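A.B. asks: Got an experimental structure here, sequence first:
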Amino acid sequence: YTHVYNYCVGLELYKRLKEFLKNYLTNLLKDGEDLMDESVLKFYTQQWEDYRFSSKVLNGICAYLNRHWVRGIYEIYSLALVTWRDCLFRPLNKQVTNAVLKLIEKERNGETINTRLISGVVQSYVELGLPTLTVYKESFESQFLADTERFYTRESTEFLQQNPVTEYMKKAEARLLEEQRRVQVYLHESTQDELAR
Amino acid sequence: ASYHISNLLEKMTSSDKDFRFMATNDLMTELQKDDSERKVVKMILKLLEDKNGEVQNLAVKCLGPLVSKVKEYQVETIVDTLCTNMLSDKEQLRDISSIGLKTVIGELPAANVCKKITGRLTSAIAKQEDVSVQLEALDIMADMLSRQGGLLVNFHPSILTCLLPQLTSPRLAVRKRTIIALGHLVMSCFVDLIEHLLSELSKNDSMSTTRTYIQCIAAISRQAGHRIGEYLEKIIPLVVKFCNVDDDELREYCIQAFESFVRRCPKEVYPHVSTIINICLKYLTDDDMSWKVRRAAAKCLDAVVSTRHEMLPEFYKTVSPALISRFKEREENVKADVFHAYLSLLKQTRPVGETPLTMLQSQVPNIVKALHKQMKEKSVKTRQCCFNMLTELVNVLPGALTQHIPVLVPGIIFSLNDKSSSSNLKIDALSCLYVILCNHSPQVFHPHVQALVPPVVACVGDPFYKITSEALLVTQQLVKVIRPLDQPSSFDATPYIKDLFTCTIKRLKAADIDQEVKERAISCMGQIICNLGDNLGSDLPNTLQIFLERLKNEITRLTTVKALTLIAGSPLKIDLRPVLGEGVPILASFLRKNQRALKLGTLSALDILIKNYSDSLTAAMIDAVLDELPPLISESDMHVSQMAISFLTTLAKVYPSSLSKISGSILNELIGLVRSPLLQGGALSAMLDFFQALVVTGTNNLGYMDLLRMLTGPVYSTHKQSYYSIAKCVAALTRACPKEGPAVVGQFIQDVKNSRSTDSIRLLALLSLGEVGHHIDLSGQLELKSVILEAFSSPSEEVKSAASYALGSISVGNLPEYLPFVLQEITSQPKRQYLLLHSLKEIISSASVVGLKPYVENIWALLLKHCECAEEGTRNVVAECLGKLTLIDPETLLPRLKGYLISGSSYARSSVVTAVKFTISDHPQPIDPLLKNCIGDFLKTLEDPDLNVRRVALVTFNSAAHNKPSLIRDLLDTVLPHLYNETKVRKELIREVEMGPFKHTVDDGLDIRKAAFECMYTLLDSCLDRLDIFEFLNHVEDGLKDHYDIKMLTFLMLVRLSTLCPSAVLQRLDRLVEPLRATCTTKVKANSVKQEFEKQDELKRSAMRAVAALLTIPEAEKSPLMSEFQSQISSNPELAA
Amino acid sequence: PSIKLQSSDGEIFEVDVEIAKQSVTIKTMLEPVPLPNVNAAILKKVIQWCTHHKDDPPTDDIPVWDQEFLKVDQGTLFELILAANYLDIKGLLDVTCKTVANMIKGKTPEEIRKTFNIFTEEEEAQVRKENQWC
């Protein structure tokens, strides 16, 4: 904290911090290829938690000589968020989405497992943006709703083909209750209306 | 307007009737769409005393909506004047005042009027010479209590103690009005008032009793019976000791019982009252009353049967069903009510220490002879009750009355042939006959056809349409039963052929007949033809035009198509070739409108017709059918396309000379539908069969090579499902040609080459190779494993799954030549283990039991080696493989697996637990009986050896409960203490991260707590009436201040408990409210980063929603630390709504 | 509750949550640490001002007490303003800024420069020419 203001010369610090954050993030992402499912989720969640904790510490330890004088966003938290947002465009997003979807289908098959693994990335996407959700709905939420709709159409088709409508009503109500539970205690609260509709 | 109202007042105030009428119409129209209000109020008061009826009606109707815009100063004045006139002498003025008061209170939603009127009536209700005043006051008070009943902070005791002496009035009417008023009061009701009321009633009970006290108790209990639980234990003994009286007074005593059961379900006093009513049913001595006392006992039996569900053996093992059955020869009301009780009991017998089936079967003969004895009555109601009883007894279980058909047939015959029979009686008799014929086997209906054919045939032709439709259903069922093609039968039904045909063809004509009867006749004709038409040869080639002409009609289009489908799919040959030429275009012309059911029906009809009959087929009908395919094929609908492709699937195998014209549009639509994301299951199999038929048809421009080229064209120039579908299609195409050499080497060289070879092309080729290597042998060719390994060694992650699937499929293609190699690779290759493990999993899943039984031992010997691995995913894969392998030969693979629960280490125990957790599946499995007993040891061995092992055990329990809650129902009582042991806060590895201003606790047993809460939730939503409730409530109310996610889960569970059986939630309201109030007035530390604040709306918003859901319950008088509308929480209410 | 802090010279002072609520840089601390920038003299000066000025609604339009409270030498005012900037305080920062602004109101350039202890004969004539409009 003393070195924060003792630095002021006193202006060429933002570029160095951005370069350090970028290189550290690239190094962290480099060791994220050998894991695709049931292992990349835990690792990604814990690395994201560590990154968020480090960003919070950095924001709380130096928040004076960033944009106080006159005026990526200068804010440390916003800078970390924008770096995470523009780094997430790498092909690892597709594999993370595939892992999350396959975990969701496995959970919906009848078994249950821990929830924080994909809850971490859900809160990451909800917090990312600056809630200003721009990339979230644009790409990942939209594709997730697409897969959800496709999967529910498949379920309806096979259930109608095989089982009678009497059990179909109960299955649909159970699925809707599960979606209500998910949108309440598993995902964000700013999507109940559109999801329902 | 001022001038307008002045002119209206001047013109109206002229002592005129018509002018007053028009002015009243005008002011009501104005109201609908300082001094003036005084003037109009005074003039309305003057008109209130006018002798005219129409003017008084107009004024009193205007008084209603006038309260909305009138001032609030003179409302008390007009109310007081009306109350003063209420005490007048002329009865007409009394009626006018009562009408006015009722009107104003009806239009009322300023509030001083209610207080004034109740205060005045408190003195008015007191004893007076006139009895009409008392009746009017009681009616008014009833109206108040029905409509009002809000605050009443200090008015309920006064009205209470003033109305108490009125209960002993000699007039029965006054007593009834007082009872109604008291019931309305308790319904609207406070914390102690019912206590003094019940104490006074109990004190008065120990005196010269009268029907008034019992009637009042019954009324107040019916209006509000959810607040009398501690007073009953002295209420029932009083009823029992007052029942043994000679004079007829037991009516209200028995009426009390059924409402007591209806209101309060949980109470351990049932046997005494049940025995009391069982004894009271025996009284048998309008002057005579004894024919009516049993009505109350019957209602009591109805209520006790309806409310009780969990003590069926107690009811059945007693003499209660016996006494109910024998007590049948009584009056019409008694017979009807006992029949209703028995029907309700039988409806309850359906599931929601011998099983109820044994006692039901033993009592079946008794019910049968009782019903047969009851048949000998001329009353229609008894016949309908008996037929409903028979229908219920047959519907509850199949094959019930398999030894009483010969003695029950004559009763049905008499009830169908008698001239004195209602339409409902015939309808229910026919329905009972049809359901008996359907459920029971055909073997107990062959001798009775001679007796069942004449009456059914006679009943087919009736003026009514419901009776005719039911008769047609019975005829169709009898036709199906008499000639069962499933099992050979020895009986001659030649005489019945013409007898059934005459009626069936007679009802098939229009004859201005309703749609339902026509459809039933069409169905009967279709079934008769399908199962019996070889006897009908003269009318077969001429009566088929009726179906053709009826196909155009929209009213009857589905039924005729279904009948045609049933006829075509008959094992016995039916001649339809002359009709096929004129029938196919008719069905084809209907493939334009949007109707899924009709589309599927006509597709099925055409498919079965072309399958069974294909000797004569022209080209016009084929072209018409093909041209109607593009409108049927669509992405949104799958079943219609799945059924339409069957046309070409059958054509390519039966008539191979009609495939050259399938190109351009149909081919493009089929290609587009193949790559559609929604094509799974039977659609894929139909695709494979059709493509194989196309390959084997041997026609120009439809070979394997050109099809392969046209399919691979777009690939060289999408989602994963398109690749999977196209790979399956090409695999099916090349499957029909096992001697396919050039294509295999071409695919190999396509994969081996690097230049001009994308990842998608090689992935598709490898997947196709795997799919084709399922059954055909391809190991003869050399230089195959090297290229496979070279192609598999790619950096793309998406190709890994396809490579593993292809390797597994190649391995299962011929196990003996590939199993040793893959085993050696698993034992040798340390790096590429994920791919090998996935391939082994695929092999085990797809391996046949014949080809895997000798290979079980070495697979087990290798699987246990990889139990301990650094990577979690590898261990999970081995656990899944062990679980899948356990599915075959349980009696050998399960006993060994049970052995490492005590010999193996903690890691081995966790491995076997994670393996056995995957054995349980939603669908029934043959290993279920063994697991049902093995789970006991599996869960008793794992008590608390380690945190990791405990977490895996908890996950196993949650998965087992979710998959099959009924599997673990018995052992749940054993593990409930163990489940609740790890629910409290324990300090185990929580490291206090002391950095400075910011903190972040690391609780490793958050995962265990979340798992336990998940098992609690799934137990609650699966079966909640199987565990202690107080302990669960204490646990859920204690575990709040640990973490955010657990806090939301607890809030959601509390919301669920609010909307599901909230009886146990209304006790500890303060204990639940206190933590929420404590955490709401929590302000998160300011200067924290914005996500926390956003979470806090979710915590504050979630708390608001939970509080609203909790207060949705009827009990809302208590408001502990709730009335605080602070600025921060001011807008939260409306945000929740 | 009682919270203690470590002074630069090595003294220990007692602080309260209410007395430190108006601060933001030590509020995060209360929600001993080395603080070399501040010293004992400013610590007692700040803590006594906070005690006497803690409850308030959320001449020279300033409290009359502040007139005699800030009557110190220039060196101490330099230390006070440096601490106020470091402690990101608002009430004390605004008061001293207003006091400085009043003391620089209507003063000759020679005395202002000498007191401050900190562009003449080449641009003084120019700036004078385009500033007579006032």
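C.D. replies: Nice, I can see it. Residues are numbered from 1 along each chain as shown, chains lettered A, B, ... in the order given.
A.B. asks: Please count neighbours and contacts with C-alpha atoms only from this point.
C.D. replies: Will do.
A.B. asks: Next, the residue positioned nearest the centre of chain B: secondary structure please.
C.D. replies: The centre of chain B sits closest to residue B:352, judged by Cα atoms, centre = their mean, with a distance of 12.3 Å. Using DSSP: H, G, I helix; E, B strand; the rest coil, the secondary structure recorded for residue B:352 is coil.
A.B. asks: And for residue B:401?
C.D. replies: coil.
A.B. asks: Give me the spatial nearest neighbour of it, chain neighbours excluded.
C.D. replies: Of all residues not flanking residue B:401 in the chain, residue B:394 sits nearest, at 7.1 Å (Cα to Cα, 6 or more residues apart in numbering or on different chains).
A.B. asks: wait, what's in contact with that neighbour?
C.D. replies: B:400-401, B:435-436, B:439 (Cα atoms under 8 Å, 6 or more residues apart in numbering or on different chains).
A.B. asks: Would you write a ChimeraX line that selects the buried entries of the residues you listed?
C.D. replies: Isolation of the buried members of the contacts of residue B:394 (16 or more other Cα atoms under 10 Å in any protein chain shown) is achieved in ChimeraX through the command below:
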select /B:400,401,435,436
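A.B. asks: From the contacts of residue B:394, pick the one nearest chain A.
C.D. replies: Nearest to chain A out of those is residue B:439 (Cα to the nearest Cα; 19.8 Å).
A.B. asks: Tell me the spacing between the nearest residue to the closest one once chain neighbours are set aside and chain C.
C.D. replies: Distance criterion Cα to Cα, 6+ apart; nearest residue to residue B:439, sequence neighbours excluded, is residue B:398 at 5.5 Å. For residue B:398, the distance to chain C (Cα to the nearest Cα, to the nearest Å) stands at 73 Å.
A.B. asks: which element is residue B:398 on?
C.D. replies: According to DSSP states H and E, residue B:398 maps onto no helix or strand at all.
A.B. asks: try residue B:1099
C.D. replies: helix B:1090-1111.
A.B. asks: which other helices and strands contact that helix?
C.D. replies: helix B:1044-1059, helix B:1069-1080, helix B:1132-1136 (3 or more Cα pairs under 8 Å, 6 or more residues apart in numbering or on different chains; DSSP states H and E).
A.B. asks: Could you export the ones you listed as a markdown table, including distance to chain C and mean neighbour count?
C.D. replies: Formatted as a markdown table, the helices and strands packed on helix B:1090-1111 follow (distance: least, Cα to the nearest Cα, whole Å; neighbours: other Cα atoms under 10 Å in any protein chain shown):
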| stretch | distance to chain C | mean neighbour count |
| --- | --- | --- |
| helix B:1044-1059 | 20 | 19 |
| helix B:1069-1080 | 18 | 15 |
| helix B:1132-1136 | 24 | 13 |
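A.B. asks: Can you check which of the ones you listed gets nearest to chain A?
C.D. replies: Of the helices and strands packed on helix B:1090-1111, nearest to chain A by Cα to the nearest Cα is helix B:1044-1059, at 6.0 Å.
A.B. asks: List the contacts of the closest one.
C.D. replies: Contacts for helix B:1044-1059 (Cα under 8 Å, 6+ apart): A:181, A:184-185, B:1010, B:1013, B:1017, B:1036-1037, B:1039-1041, B:1065, B:1099, B:1102-1103, B:1106, B:1109-1110, B:1112-1113.
A.B. asks: And stretch B:667-674, by the same measure?
C.D. replies: Here stretch B:667-674 makes contact (Cα under 8 Å, 6+ apart) with B:630, B:633-635, B:679, B:722, B:725-726.
A.B. asks: hmm, try it at 7 Å
C.D. replies: Here stretch B:667-674 makes contact (Cα atoms under 7 Å, 6 or more residues apart in numbering or on different chains) with B:630, B:633, B:635, B:725-726.
A.B. asks: Buried ones among these?
C.D. replies: Counted by 16+ other Cα under 10 Å, these give B:630, B:633, B:725-726 as buried.
A.B. asks: Out of those residues, which sit inside helices?
C.D. replies: B:630, B:725-726 (DSSP state H).
A.B. asks: export the residues you listed to JSON lines and tack on distance to residue A:4?
C.D. replies: Output for those, formatted as JSON lines (distance: Cα to Cα, whole Å):
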{"residue": "B:630", "distance to residue A:4": "72"}
{"residue": "B:725", "distance to residue A:4": "61"}
{"residue": "B:726", "distance to residue A:4": "62"}
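A.B. asks: ok, of those, which one's closest to residue B:306?
C.D. replies: The nearest member of those to residue B:306, counting by Cα to Cα, is residue B:725 at 55.0 Å.
A.B. asks: what residues does chain A put near chain B?
C.D. replies: A:38-39, A:110-113, A:127, A:154, A:185 (Cα under 7 Å from any Cα of the partner chain).
A.B. asks: Just give me the neighbour total for the residue nearest to residue B:802 when sequence neighbours are not counted.
C.D. replies: In space, not counting the residues next to it along the chain, residue B:802 is nearest to residue B:767; the distance is 5.9 Å by Cα to Cα, 6+ apart. Look at residue B:767: counted by other Cα atoms under 10 Å in any protein chain shown, it has 26 neighbours.
A.B. asks: Check residue B:490 too.
C.D. replies: Applying other Cα under 10 Å, we find 7 residues neighbouring residue B:490.
A.B. asks: Over to residue B:215?
C.D. replies: By other Cα under 10 Å, neighbour count at residue B:215 equals 19.
A.B. asks: Buried ones in the helix or strand containing it, by neighbour count?
C.D. replies: Using DSSP H and E, residue B:215 sits within helix B:211-223. Under the neighbour-count criterion of 16+ other Cα under 10 Å, helix B:211-223 has B:212-223 buried.
A.B. asks: which other residues reach the helix holding residue B:1099?
C.D. replies: The contact list for helix B:1090-1111, computed with Cα under 7 Å, 6+ apart, reads A:127, B:1051, B:1055, B:1058, B:1076, B:1080, B:1132-1133, B:1136.
A.B. asks: try 6 Å this time
C.D. replies: B:1055, B:1058, B:1136 (Cα atoms under 6 Å, 6 or more residues apart in numbering or on different chains).
A.B. asks: picking that back up, tabulate the buried residues of helix B:211-223 in TSV, adding columns for distance to residue B:583.
C.D. replies: TSV is the format used below for the buried residues of helix B:211-223 (distance: Cα to Cα, whole Å):
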residue	distance to residue B:583
B:212	79
B:213	79
B:214	76
B:215	74
B:216	75
B:217	75
B:218	71
B:219	70
B:220	72
B:221	70
B:222	67
B:223	67
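A.B. asks: for chain B, what are the nearby residues on chain C?
C.D. replies: C:28-29 (Cα under 6 Å from any Cα of the partner chain).
A.B. asks: Show me where chain C has its strands.
C.D. replies: With strands called from DSSP state E, chain C shows them at C:2-6, C:12-16.
A.B. asks: which of the residues in stretch B:257-271 are buried?
C.D. replies: Neighbour-count burial for stretch B:257-271 [16+ other Cα under 10 Å]: B:257-261, B:263.
A.B. asks: could you dump those to a markdown table with distance to residue B:244?
C.D. replies: What follows is the buried residues of stretch B:257-271, written out as a markdown table (distance: Cα to Cα, whole Å):
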| residue | distance to residue B:244 |
| --- | --- |
| B:257 | 16 |
| B:258 | 19 |
| B:259 | 21 |
| B:260 | 20 |
| B:261 | 22 |
| B:263 | 26 |
